[PDB]
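J.: First the structure, which I've put down as structure tokens, then a few questions once you've had a look.
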Amino acid sequence: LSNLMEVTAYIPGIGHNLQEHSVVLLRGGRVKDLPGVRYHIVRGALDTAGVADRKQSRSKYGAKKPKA
Amino acid sequence: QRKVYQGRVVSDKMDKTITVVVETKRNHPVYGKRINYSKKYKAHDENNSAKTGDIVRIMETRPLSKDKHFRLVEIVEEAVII
Amino acid sequence: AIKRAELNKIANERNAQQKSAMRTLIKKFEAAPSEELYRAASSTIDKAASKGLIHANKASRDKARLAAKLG
Amino acid sequence: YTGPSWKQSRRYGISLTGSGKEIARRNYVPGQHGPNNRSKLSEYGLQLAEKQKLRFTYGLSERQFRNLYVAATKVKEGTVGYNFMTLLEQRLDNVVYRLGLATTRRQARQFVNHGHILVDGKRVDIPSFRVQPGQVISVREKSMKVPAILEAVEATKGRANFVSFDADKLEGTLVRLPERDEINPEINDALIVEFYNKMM
Amino acid sequence: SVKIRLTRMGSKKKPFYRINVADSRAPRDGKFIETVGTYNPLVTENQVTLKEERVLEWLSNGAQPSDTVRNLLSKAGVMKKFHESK
RNA sequence: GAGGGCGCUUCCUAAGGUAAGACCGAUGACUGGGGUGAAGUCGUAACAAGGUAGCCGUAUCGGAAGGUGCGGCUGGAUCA
RNA sequence: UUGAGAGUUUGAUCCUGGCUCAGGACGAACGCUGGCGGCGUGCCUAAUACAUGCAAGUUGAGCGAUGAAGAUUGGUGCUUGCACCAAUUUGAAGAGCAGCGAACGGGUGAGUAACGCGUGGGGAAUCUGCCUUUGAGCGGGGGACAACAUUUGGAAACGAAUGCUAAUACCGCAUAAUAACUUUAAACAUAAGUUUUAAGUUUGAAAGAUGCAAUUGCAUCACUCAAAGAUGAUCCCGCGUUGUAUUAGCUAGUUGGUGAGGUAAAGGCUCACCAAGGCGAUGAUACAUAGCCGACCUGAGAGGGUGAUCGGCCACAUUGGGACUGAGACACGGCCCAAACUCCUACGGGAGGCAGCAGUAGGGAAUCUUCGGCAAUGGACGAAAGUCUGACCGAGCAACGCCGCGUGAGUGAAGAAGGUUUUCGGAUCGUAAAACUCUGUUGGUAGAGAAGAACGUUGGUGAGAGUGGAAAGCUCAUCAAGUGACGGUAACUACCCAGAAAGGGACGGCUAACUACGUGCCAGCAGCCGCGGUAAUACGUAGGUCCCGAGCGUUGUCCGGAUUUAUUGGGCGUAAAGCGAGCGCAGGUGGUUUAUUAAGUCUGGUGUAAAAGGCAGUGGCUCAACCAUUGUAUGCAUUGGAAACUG
């Protein structure tokens, strides 16, 4: 954060592919169970893969409608 | 020539200029009661006939010079100092 | 920026040069209660008359002082 | 669009006169929870239930429904519910459906939507054309000899109120308009209007 | 100094003019004085709102009609009324 | 000769320098408090008349809960 | 002209009370899905920087003047006509001197916190070509000069010597005086004062223009300049137009007076001189922040909130500052200066600013395309013709929004083959269903047509002024005459096969939609309560379901609920709270009654957004949505009455 704020925001889902020097989208999200946060991270983004047919929307966390 | 205002002067000392108090009660949109407000208008003195208590009246005309917007020509109300 | 530079310089040059031919026409001003001298000083608005810029109320404001003891 | 009616046919047991057919046995939602037991509802559940029976029985969409249903919530003449349910017949497939020719409103919407029946000089591509009373409905003879229409729609049947039924030319003219005195399912402005129109 | 013109007001293929007395300086879609009449030539057809009064006011003051506006005044007889004042 | 550009100094004068600030941000060795997390360790307090009931404003002595005292009130008791 | 809550300190309740959330709107993005057509809209973003096009010309009805004519006659050679003598004009773009908008059109909100914005008055502060149109002549001569002679310089840039034309240039100078003043009287006249006539002043032209023809005079225009209207401006004032008094004393031309310069004008508008005030604790200055308004999203309204896009005003033009011209600019595409970039430089010099439309590079959520023409207007000149216009009209990009239809319909349902659960039954497919009968929404193809996108300026006829004059021309009452870009454009026939054309979110509740289900407080899910530690409707997981759709859902913003600043529509004993108590400053409130007053208060006339927008109606891209229209609806204001209340 270039504006002197938290070096944290939550990565949802199991696992992640990113590393240092990766552009990271910024969900506006809060979890009471997760201390010291203000923001979350948009998983299910341009830099995100996953496994589809999820029982919630099939397409977050890096997924689509399954092309078979 | 046209319009009119009314009120006591603050400073009855200056030359060819004198102000006026304003009573005007204008509305507060929340509270509803129209509230007094005192605008000031420094303008003409004829012979500098300045007295505590009197009221001069304006003229919508050429302004005299800087800050002298009307010509306070006619002293319609005349009081006596105490 | 096509020919309007010429529209600026030929006009500004020509009638500003007329204004050079108007400065001491206004001035070199003695009192001179003379009919012809006040035909000069009164004529100052009307000395070129098409590039003389005979202007609205300019003769009148130039007749406040001029008429105000023109001589 | 063109979805089934396990909701109308099963979650109410009544596919009303957008289709009209009472369905057969096994009135639950089948597959899972078909051999299983019942459920319950609430005032939300019958706001829900009434908007889905009146909306989803017919063939209406919700975009067109709630937009033209605020446009049924226009005036303030006391009980607006006459102006609500009065605009249940003013779609043309419902008009032919109350001529009794088409089996469902979806059939007259199909074969009126195809540009078969040319209602007064226009290739009809909206069967929710907003109907004005006292006007005729011109029906093309090609449509009158469509074999799906010859099978069901030209296969004549009884006829409702409020129109004139040209059995020879399969036409109609809206005489009066049906209303709460005429049509009666459990229509409630609290349920549908207080489900949609600024829930209230 | 003073003119009288149309007003482009319509669809991609259904325009609709609206006659407004104007100037050489006047924006024909923006700043105006006051429109006089609403016009549609070829639908359906020769459609116009006319009052034939404020055109006489701004011809007492003197304005400039447009093509179909001037020809509309020849289709209004007020130019023959200028023969009458003549 | 008049007048004229140039001839011809000044006025205002855009910018740049000067000085002595003030404002506001960034920034900072070390450092005061506060919050968070351990579940170390010190302690009996505050809670029952909670183990000297307190609770204030104030002075003053403690590692610390805290104490001593000035005066006041129950948001205090056995019931005085 | 209206009104729900949820889950939450809950050992148990109420109340104070916060936290939770549904609904809608977005110049939004994102995972998915992306059908079509119509209607719209789209750097909110770095006033960042710009190779890349276009953005304002005009006329030969003034003028110079090359070229074509050979305006082929002149030896028109003898080539059997022409190399030419080349007859003087279609004289060729017919360059460049002249006029016009140059201030259009168009953006961009950087700044700007109040005469800027939006109302009302006034020129007793004023201007106004371009239009309507009044008197009104188109006097009067002269002279350098663009171009052309033309010699040069210079790397270019850019000039210079050099004489002369032309003027639809200039200029003296009588002729123009109600213009301004010079006068003499005053009806009037208001602190200033305004207003009719009573004596003297400046100076005009394109003697032009095309022509016409003639009672030899008639049309388009500039100065003659008024005679007004009209337009578009000028400044002053009333009104409301952000927060910080941890934003206190502030102010030096400051504030008055006189004079002068200016101006279109009163005006420290300036400046000189002489006076010392004035503001301000009922917010002046200083700092942050802001383009403003009509309007518009939400709220039942009260309102909150925004200023997008549209329209108006204001402001700006890399930055800063001047100033000429121009009727009007301190001027996106004027100048000059500086600075900052950049380019060329042989280093001696020159040149420019996309906050114009495009488009490029920046930076993101944020590309409209480096497309056509101006017919459909709009403006500019031009007698007209004509000309140009990245204005506009259109086409193409964006599901970025709004609408509208749809991918099948009808019969036929058995649990049917089929999936899954399964206590082994039952159950999906719910009216294509497994079949059957057909059909052309949108698209298949053949395409008939192909959307009117359209008015006369150009010529004729005829009428009027009938223009000493019919001429000619002008007014404008007719016909002929092109009115293209979406174009074979929407629409329509032949309609092809059900065949080409529906997915997204959600299921612990919180609000409707739970069992197979690895799990085992594990991984993960979540706005709140939360969960998951062995069979979790929370999760991964399949099936069934719950809501929607070419859009779903997610967060980013805002409104509501929230009465959660409670005027409408609070509380103060303990739950947050009465100063630690007195005065007697403002300020607030007023025992009774008589009368005036109408100030406020109610009634009537007057202003009111050009508009656009609501309440209705009409037509229509069908009908849709929404557009076009038509009214209605308004402190926008000023003026008569009312003494019932207050003052």
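Identifiers in the structure tokens: chain A, B, ... in order shown; residue index from 1 per chain; ligand index from 1 in order shown.
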Sorted by chain and rising residue number, which residues of chain D lie within 9 Å of chain G, and what are their closest atom pairs and distances in Å to one decimal, counting only C-alpha atoms (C1' of nucleotides), as a tab-separated table?
T.:
```
residue	atom	partner	partner_atom	distance
D:1	CA	G:502	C1'	6.8
D:2	CA	G:408	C1'	8.2
D:4	CA	G:430	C1'	6.6
D:5	CA	G:430	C1'	6.1
D:6	CA	G:430	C1'	5.9
D:9	CA	G:430	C1'	7.1
D:10	CA	G:430	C1'	8.4
D:23	CA	G:430	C1'	7.4
D:24	CA	G:413	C1'	7.8
D:26	CA	G:427	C1'	8.6
D:29	CA	G:545	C1'	8.1
D:30	CA	G:428	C1'	5.1
D:31	CA	G:428	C1'	3.7
D:32	CA	G:544	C1'	4.6
D:33	CA	G:544	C1'	6.9
D:34	CA	G:427	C1'	5.4
D:35	CA	G:427	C1'	5.7
D:36	CA	G:427	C1'	8.9
D:41	CA	G:512	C1'	7.3
D:42	CA	G:512	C1'	8.2
D:44	CA	G:512	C1'	7.0
D:45	CA	G:512	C1'	5.7
D:48	CA	G:512	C1'	7.2
D:61	CA	G:549	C1'	8.9
D:62	CA	G:548	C1'	7.7
D:63	CA	G:549	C1'	8.8
D:64	CA	G:403	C1'	8.5
D:102	CA	G:410	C1'	8.2
D:103	CA	G:410	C1'	6.9
D:104	CA	G:410	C1'	8.5
D:106	CA	G:409	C1'	7.1
D:107	CA	G:409	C1'	5.4
D:108	CA	G:409	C1'	8.5
D:109	CA	G:409	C1'	8.6
D:110	CA	G:409	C1'	5.6
D:111	CA	G:439	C1'	7.0
D:113	CA	G:441	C1'	5.5
D:114	CA	G:441	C1'	5.2
D:115	CA	G:441	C1'	7.7
D:116	CA	G:440	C1'	8.4
D:122	CA	G:622	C1'	8.4
D:124	CA	G:441	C1'	8.9
D:125	CA	G:441	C1'	5.9
D:126	CA	G:405	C1'	6.6
D:128	CA	G:623	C1'	8.6
D:129	CA	G:623	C1'	5.5
D:130	CA	G:623	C1'	6.6
D:146	CA	G:438	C1'	7.0
D:147	CA	G:438	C1'	5.1
D:148	CA	G:438	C1'	4.2
D:149	CA	G:438	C1'	7.8
D:150	CA	G:438	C1'	8.8
D:151	CA	G:437	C1'	7.1
D:152	CA	G:410	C1'	6.1
D:153	CA	G:410	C1'	8.3
D:198	CA	G:23	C1'	6.7
D:199	CA	G:23	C1'	8.0
D:200	CA	G:4	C1'	6.6
```
J.: Please list as a PDB file with N, CA and C atoms (P, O5', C5', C4', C3', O3' and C1' of nucleotides), in the first residue's frame every residue within 10 Å of range 2-8 of chain B, counting only C-alpha atoms (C1' of nucleotides) and excluding residues in the same chain fewer than 2 positions away.
T.:
```
ATOM      1  N   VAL B  10     -25.022  53.719  12.462  1.00  0.00           N
ATOM      2  CA  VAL B  10     -23.975  53.488  13.453  1.00  0.00           C
ATOM      3  C   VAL B  10     -23.118  54.734  13.626  1.00  0.00           C
ATOM      4  N   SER B  11     -22.482  55.193  12.548  1.00  0.00           N
ATOM      5  CA  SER B  11     -21.526  56.294  12.616  1.00  0.00           C
ATOM      6  C   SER B  11     -22.128  57.529  11.956  1.00  0.00           C
ATOM      7  N   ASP B  12     -22.469  58.517  12.776  1.00  0.00           N
ATOM      8  CA  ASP B  12     -22.969  59.812  12.325  1.00  0.00           C
ATOM      9  C   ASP B  12     -21.854  60.851  12.304  1.00  0.00           C
ATOM     10  N   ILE B  18     -22.913  57.736   5.423  1.00  0.00           N
ATOM     11  CA  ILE B  18     -23.577  57.358   6.669  1.00  0.00           C
ATOM     12  C   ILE B  18     -24.271  56.026   6.430  1.00  0.00           C
ATOM     13  N   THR B  19     -24.251  55.162   7.435  1.00  0.00           N
ATOM     14  CA  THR B  19     -24.816  53.835   7.272  1.00  0.00           C
ATOM     15  C   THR B  19     -26.235  53.774   7.824  1.00  0.00           C
ATOM     16  N   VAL B  20     -26.759  52.557   7.941  1.00  0.00           N
ATOM     17  CA  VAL B  20     -28.131  52.334   8.367  1.00  0.00           C
ATOM     18  C   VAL B  20     -28.195  50.949   8.997  1.00  0.00           C
ATOM     19  N   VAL B  21     -29.039  50.792  10.016  1.00  0.00           N
ATOM     20  CA  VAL B  21     -29.346  49.450  10.481  1.00  0.00           C
ATOM     21  C   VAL B  21     -30.563  48.957   9.715  1.00  0.00           C
ATOM     22  N   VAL B  22     -30.719  47.644   9.687  1.00  0.00           N
ATOM     23  CA  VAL B  22     -31.830  46.989   9.019  1.00  0.00           C
ATOM     24  C   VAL B  22     -32.494  46.084  10.044  1.00  0.00           C
ATOM     25  N   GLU B  23     -33.820  46.036  10.021  1.00  0.00           N
ATOM     26  CA  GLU B  23     -34.567  45.213  10.952  1.00  0.00           C
ATOM     27  C   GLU B  23     -34.955  43.858  10.368  1.00  0.00           C
ATOM     28  N   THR B  24     -34.872  43.707   9.033  1.00  0.00           N
ATOM     29  CA  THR B  24     -35.595  42.726   8.210  1.00  0.00           C
ATOM     30  C   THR B  24     -35.634  41.322   8.790  1.00  0.00           C
ATOM     31  N   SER B  38     -29.340  42.766  10.253  1.00  0.00           N
ATOM     32  CA  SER B  38     -28.911  44.165  10.159  1.00  0.00           C
ATOM     33  C   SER B  38     -27.865  44.343   9.063  1.00  0.00           C
ATOM     34  N   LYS B  39     -28.325  44.701   7.870  1.00  0.00           N
ATOM     35  CA  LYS B  39     -27.446  45.107   6.788  1.00  0.00           C
ATOM     36  C   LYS B  39     -27.043  46.562   6.985  1.00  0.00           C
ATOM     37  N   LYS B  40     -25.972  46.964   6.309  1.00  0.00           N
ATOM     38  CA  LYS B  40     -25.394  48.287   6.490  1.00  0.00           C
ATOM     39  C   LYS B  40     -25.249  48.959   5.134  1.00  0.00           C
ATOM     40  N   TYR B  41     -25.572  50.256   5.055  1.00  0.00           N
ATOM     41  CA  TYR B  41     -25.526  50.966   3.767  1.00  0.00           C
ATOM     42  C   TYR B  41     -25.006  52.389   3.967  1.00  0.00           C
ATOM     43  N   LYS B  51     -27.220  63.152  12.971  1.00  0.00           N
ATOM     44  CA  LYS B  51     -27.753  63.148  14.323  1.00  0.00           C
ATOM     45  C   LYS B  51     -27.951  61.712  14.781  1.00  0.00           C
ATOM     46  N   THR B  52     -27.706  61.471  16.062  1.00  0.00           N
ATOM     47  CA  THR B  52     -28.148  60.236  16.693  1.00  0.00           C
ATOM     48  C   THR B  52     -29.669  60.188  16.744  1.00  0.00           C
ATOM     49  N   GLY B  53     -30.256  59.150  16.142  1.00  0.00           N
ATOM     50  CA  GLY B  53     -31.673  58.853  16.278  1.00  0.00           C
ATOM     51  C   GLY B  53     -32.457  58.950  14.983  1.00  0.00           C
ATOM     52  N   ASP B  54     -31.995  59.767  14.041  1.00  0.00           N
ATOM     53  CA  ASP B  54     -32.782  60.009  12.845  1.00  0.00           C
ATOM     54  C   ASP B  54     -32.624  58.853  11.860  1.00  0.00           C
ATOM     55  N   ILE B  55     -33.450  58.862  10.815  1.00  0.00           N
ATOM     56  CA  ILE B  55     -33.369  57.860   9.756  1.00  0.00           C
ATOM     57  C   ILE B  55     -33.418  58.558   8.405  1.00  0.00           C
ATOM     58  N   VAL B  56     -32.402  58.316   7.583  1.00  0.00           N
ATOM     59  CA  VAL B  56     -32.352  58.814   6.221  1.00  0.00           C
ATOM     60  C   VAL B  56     -32.906  57.720   5.310  1.00  0.00           C
ATOM     61  N   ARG B  57     -33.341  58.092   4.107  1.00  0.00           N
ATOM     62  CA  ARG B  57     -33.817  57.121   3.133  1.00  0.00           C
ATOM     63  C   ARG B  57     -33.013  57.193   1.842  1.00  0.00           C
ATOM     64  N   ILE B  58     -32.939  56.047   1.167  1.00  0.00           N
ATOM     65  CA  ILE B  58     -32.007  55.778   0.077  1.00  0.00           C
ATOM     66  C   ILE B  58     -32.489  56.409  -1.220  1.00  0.00           C
ATOM     67  N   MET B  59     -31.631  56.395  -2.241  1.00  0.00           N
ATOM     68  CA  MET B  59     -32.072  56.539  -3.626  1.00  0.00           C
ATOM     69  C   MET B  59     -31.338  55.537  -4.501  1.00  0.00           C
ATOM     70  N   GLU B  60     -32.098  54.703  -5.211  1.00  0.00           N
ATOM     71  CA  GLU B  60     -31.538  53.854  -6.255  1.00  0.00           C
ATOM     72  C   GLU B  60     -31.150  54.716  -7.451  1.00  0.00           C
ATOM     73  N   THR B  61     -29.884  55.115  -7.519  1.00  0.00           N
ATOM     74  CA  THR B  61     -29.392  56.068  -8.515  1.00  0.00           C
ATOM     75  C   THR B  61     -27.994  55.635  -8.937  1.00  0.00           C
ATOM     76  N   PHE B  70     -26.245  53.689  -2.693  1.00  0.00           N
ATOM     77  CA  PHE B  70     -27.402  54.531  -2.902  1.00  0.00           C
ATOM     78  C   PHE B  70     -27.004  55.983  -2.709  1.00  0.00           C
ATOM     79  N   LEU B  72     -28.377  58.326   0.035  1.00  0.00           N
ATOM     80  CA  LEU B  72     -29.232  58.496   1.194  1.00  0.00           C
ATOM     81  C   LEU B  72     -29.588  59.968   1.303  1.00  0.00           C
ATOM     82  N   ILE B  75     -34.140  62.545   4.851  1.00  0.00           N
ATOM     83  CA  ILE B  75     -34.226  62.137   6.253  1.00  0.00           C
ATOM     84  C   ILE B  75     -35.708  62.191   6.601  1.00  0.00           C
ATOM     85  N   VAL B  76     -36.383  61.060   6.450  1.00  0.00           N
ATOM     86  CA  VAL B  76     -37.816  61.055   6.692  1.00  0.00           C
ATOM     87  C   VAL B  76     -38.106  61.024   8.186  1.00  0.00           C
ATOM     88  N   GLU B  77     -37.432  60.149   8.925  1.00  0.00           N
ATOM     89  CA  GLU B  77     -37.595  60.104  10.370  1.00  0.00           C
ATOM     90  C   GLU B  77     -36.527  60.964  11.025  1.00  0.00           C
ATOM     91  N   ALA B  79     -35.385  61.984  14.952  1.00  0.00           N
ATOM     92  CA  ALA B  79     -35.515  61.882  16.392  1.00  0.00           C
ATOM     93  C   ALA B  79     -34.718  63.004  17.053  1.00  0.00           C
TER      94      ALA B  79
ATOM     95  P     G G 121     -38.816  43.666 -12.272  1.00  0.00           P
ATOM     96  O5'   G G 121     -38.276  44.991 -11.576  1.00  0.00           O
ATOM     97  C5'   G G 121     -37.733  46.037 -12.360  1.00  0.00           C
ATOM     98  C4'   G G 121     -36.853  46.946 -11.544  1.00  0.00           C
ATOM     99  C3'   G G 121     -36.010  47.925 -12.340  1.00  0.00           C
ATOM    100  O3'   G G 121     -36.741  49.068 -12.739  1.00  0.00           O
ATOM    101  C1'   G G 121     -34.679  46.893 -10.679  1.00  0.00           C
ATOM    102  P     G G 122     -36.771  49.505 -14.283  1.00  0.00           P
ATOM    103  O5'   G G 122     -35.485  50.427 -14.436  1.00  0.00           O
ATOM    104  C5'   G G 122     -35.300  51.532 -13.571  1.00  0.00           C
ATOM    105  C4'   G G 122     -33.841  51.832 -13.359  1.00  0.00           C
ATOM    106  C3'   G G 122     -33.024  52.195 -14.586  1.00  0.00           C
ATOM    107  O3'   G G 122     -33.200  53.549 -14.968  1.00  0.00           O
ATOM    108  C1'   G G 122     -31.801  50.717 -13.182  1.00  0.00           C
ATOM    109  P     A G 124     -29.471  58.002 -17.428  1.00  0.00           P
ATOM    110  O5'   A G 124     -29.906  58.504 -15.982  1.00  0.00           O
ATOM    111  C5'   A G 124     -29.370  59.698 -15.426  1.00  0.00           C
ATOM    112  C4'   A G 124     -29.519  59.694 -13.928  1.00  0.00           C
ATOM    113  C3'   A G 124     -29.731  58.313 -13.323  1.00  0.00           C
ATOM    114  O3'   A G 124     -28.506  57.678 -13.014  1.00  0.00           O
ATOM    115  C1'   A G 124     -31.445  59.759 -12.594  1.00  0.00           C
ATOM    116  P     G G 238     -26.782  44.824  -1.909  1.00  0.00           P
ATOM    117  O5'   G G 238     -28.273  44.289  -1.984  1.00  0.00           O
ATOM    118  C5'   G G 238     -29.314  45.046  -1.394  1.00  0.00           C
ATOM    119  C4'   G G 238     -30.626  44.328  -1.478  1.00  0.00           C
ATOM    120  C3'   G G 238     -30.551  42.821  -1.392  1.00  0.00           C
ATOM    121  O3'   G G 238     -30.377  42.325  -0.082  1.00  0.00           O
ATOM    122  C1'   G G 238     -31.916  43.405  -3.193  1.00  0.00           C
TER     123        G G 238
END
```
J.: For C1' of residue 611 in chain G and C1' of residue 377 in chain G, determine how far apart the two atoms are, in Å to one decimal place.
T.: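 Going from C1' of residue 611 in chain G over to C1' of residue 377 in chain G covers 20.0 Å.
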J.: Do you know which residues are at most 12 Å from range 33-35 of chain A counting only C-alpha atoms (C1' of nucleotides), after dropping those on the same chain fewer than 4 positions away, and could you put them as a list in words?
T.: residues 6, 8, 9, 10, 11, 12, 29, 39 and 40 of chain A; 36 and 37 of chain F; 526, 530 and 531 of chain G
J.: So that I can check the secondary structure, give me every residue of range 21-86 of chain E assigned helix (DSSP H, G or I) by backbone DSSP, as an MDAnalysis selection string.
T.: chainID E and resid 54:60 67:74 78:85
J.: Could the residues in this selection be saved with N, CA and C atoms as an mmCIF file, in the first residue's frame?
T.:
```
data_model
loop_
_atom_site.group_PDB
_atom_site.id
_atom_site.type_symbol
_atom_site.label_atom_id
_atom_site.label_comp_id
_atom_site.auth_asym_id
_atom_site.auth_seq_id
_atom_site.Cartn_x
_atom_site.Cartn_y
_atom_site.Cartn_z
ATOM 1 N N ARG E 54 -45.904 36.409 -33.900
ATOM 2 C CA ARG E 54 -44.580 36.820 -33.475
ATOM 3 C C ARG E 54 -43.597 36.869 -34.632
ATOM 4 N N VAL E 55 -43.914 36.214 -35.751
ATOM 5 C CA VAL E 55 -43.176 36.467 -36.982
ATOM 6 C C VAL E 55 -43.459 37.884 -37.481
ATOM 7 N N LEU E 56 -44.661 38.402 -37.229
ATOM 8 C CA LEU E 56 -44.954 39.787 -37.568
ATOM 9 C C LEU E 56 -44.295 40.738 -36.585
ATOM 10 N N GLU E 57 -44.106 40.293 -35.341
ATOM 11 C CA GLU E 57 -43.372 41.098 -34.371
ATOM 12 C C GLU E 57 -41.903 41.200 -34.752
ATOM 13 N N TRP E 58 -41.281 40.071 -35.069
ATOM 14 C CA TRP E 58 -39.874 40.052 -35.429
ATOM 15 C C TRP E 58 -39.637 40.309 -36.912
ATOM 16 N N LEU E 59 -40.675 40.663 -37.670
ATOM 17 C CA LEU E 59 -40.490 41.328 -38.954
ATOM 18 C C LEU E 59 -40.776 42.814 -38.887
ATOM 19 N N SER E 60 -41.586 43.245 -37.919
ATOM 20 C CA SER E 60 -41.553 44.642 -37.513
ATOM 21 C C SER E 60 -40.181 45.003 -36.968
ATOM 22 N N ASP E 67 -34.914 28.414 -45.252
ATOM 23 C CA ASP E 67 -35.371 27.966 -46.558
ATOM 24 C C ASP E 67 -36.853 27.630 -46.533
ATOM 25 N N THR E 68 -37.186 26.570 -45.811
ATOM 26 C CA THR E 68 -38.555 26.102 -45.698
ATOM 27 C C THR E 68 -39.351 26.966 -44.728
ATOM 28 N N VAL E 69 -38.672 27.807 -43.954
ATOM 29 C CA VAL E 69 -39.369 28.763 -43.107
ATOM 30 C C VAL E 69 -39.879 29.934 -43.935
ATOM 31 N N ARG E 70 -39.011 30.496 -44.779
ATOM 32 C CA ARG E 70 -39.414 31.553 -45.703
ATOM 33 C C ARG E 70 -40.456 31.045 -46.690
ATOM 34 N N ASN E 71 -40.224 29.854 -47.246
ATOM 35 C CA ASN E 71 -41.195 29.247 -48.147
ATOM 36 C C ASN E 71 -42.467 28.848 -47.419
ATOM 37 N N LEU E 72 -42.368 28.596 -46.117
ATOM 38 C CA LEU E 72 -43.546 28.410 -45.288
ATOM 39 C C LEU E 72 -44.311 29.715 -45.122
ATOM 40 N N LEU E 73 -43.603 30.849 -45.097
ATOM 41 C CA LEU E 73 -44.295 32.130 -45.017
ATOM 42 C C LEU E 73 -44.956 32.484 -46.339
ATOM 43 N N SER E 74 -44.344 32.081 -47.458
ATOM 44 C CA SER E 74 -45.047 32.132 -48.735
ATOM 45 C C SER E 74 -46.194 31.134 -48.768
ATOM 46 N N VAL E 78 -48.183 35.890 -45.253
ATOM 47 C CA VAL E 78 -47.693 37.077 -44.574
ATOM 48 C C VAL E 78 -46.677 37.821 -45.423
ATOM 49 N N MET E 79 -46.118 37.164 -46.428
ATOM 50 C CA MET E 79 -45.305 37.862 -47.405
ATOM 51 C C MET E 79 -46.188 38.641 -48.371
ATOM 52 N N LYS E 80 -47.355 38.088 -48.699
ATOM 53 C CA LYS E 80 -48.399 38.879 -49.336
ATOM 54 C C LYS E 80 -48.929 39.955 -48.393
ATOM 55 N N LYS E 81 -48.862 39.735 -47.078
ATOM 56 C CA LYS E 81 -49.133 40.837 -46.160
ATOM 57 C C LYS E 81 -48.024 41.880 -46.228
ATOM 58 N N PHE E 82 -46.806 41.485 -46.598
ATOM 59 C CA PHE E 82 -45.803 42.508 -46.856
ATOM 60 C C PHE E 82 -46.080 43.225 -48.170
ATOM 61 N N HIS E 83 -46.757 42.561 -49.112
ATOM 62 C CA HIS E 83 -47.346 43.318 -50.213
ATOM 63 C C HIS E 83 -48.444 44.256 -49.718
ATOM 64 N N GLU E 84 -49.136 43.895 -48.632
ATOM 65 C CA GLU E 84 -50.222 44.730 -48.121
ATOM 66 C C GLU E 84 -49.691 45.978 -47.428
ATOM 67 N N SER E 85 -48.679 45.813 -46.569
ATOM 68 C CA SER E 85 -47.981 46.962 -46.003
ATOM 69 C C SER E 85 -47.281 47.757 -47.091
#
```
J.: Contacts of range 47-62 of chain A at 7 Å or less, counting only C-alpha atoms (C1' of nucleotides), minus same-chain residues fewer than 3 places along, as a list in words?
T.: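 Using only C-alpha atoms (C1' of nucleotides), the neighbours found are residues 13, 17, 43, 44, 65 and 66 of chain A; 31, 32 and 505 of chain G.
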J.: Skipping near chain neighbours, those fewer than 2 positions away, what residues fall within 12 Å of residue 43 in chain C using only C-alpha atoms (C1' of nucleotides), listed as a VMD selection string?
T.: (chain C and resid 22 25 to 26 35 to 41 45 to 49 52 54 59 62 to 63 66) or (chain G and resid 180 201 to 203)
J.: Counting only C-alpha atoms (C1' of nucleotides), which residues of chain G come no farther than 10 Å from chain C, as a VMD selection string?
T.: chain G and resid 56 to 57 102 127 170 to 172 179 to 182 200 to 204 222 to 223 260 262 to 265 324 to 327 333 to 335
J.: Considering only strand (DSSP E) as DSSP defines it on the backbone, what residues of chain E qualify? List them as a PyMOL selection string.
T.: chain E and resi 2-5+17-23+34-40+47-48
J.: Could you tell me how far CA of residue 98 in chain D lies from CA of residue 144 in chain D, in Å and to one decimal?
T.: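 Atom-to-atom, CA of residue 98 in chain D and CA of residue 144 in chain D are spaced 17.4 Å apart.
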J.: Enumerate, in order of chain and increasing residue number, the residues of chain F with an atom no farther than 10 Å from chain C, each with its shortest atom pair and distance in Å to one decimal, counting only C-alpha atoms (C1' of nucleotides), as CSV.
T.:
```
residue,atom,partner,partner_atom,distance
F:2,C1',C:25,CA,9.8
F:3,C1',C:21,CA,6.7
F:4,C1',C:21,CA,6.8
F:5,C1',C:17,CA,8.6
```
J.: Using only C-alpha atoms (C1' of nucleotides), which protein or nucleic acid residues come within 12 Å of residue 604 in chain G? Drop anything in the same chain fewer than 4 positions from it, and give the result as a count of residues only.
T.: 3
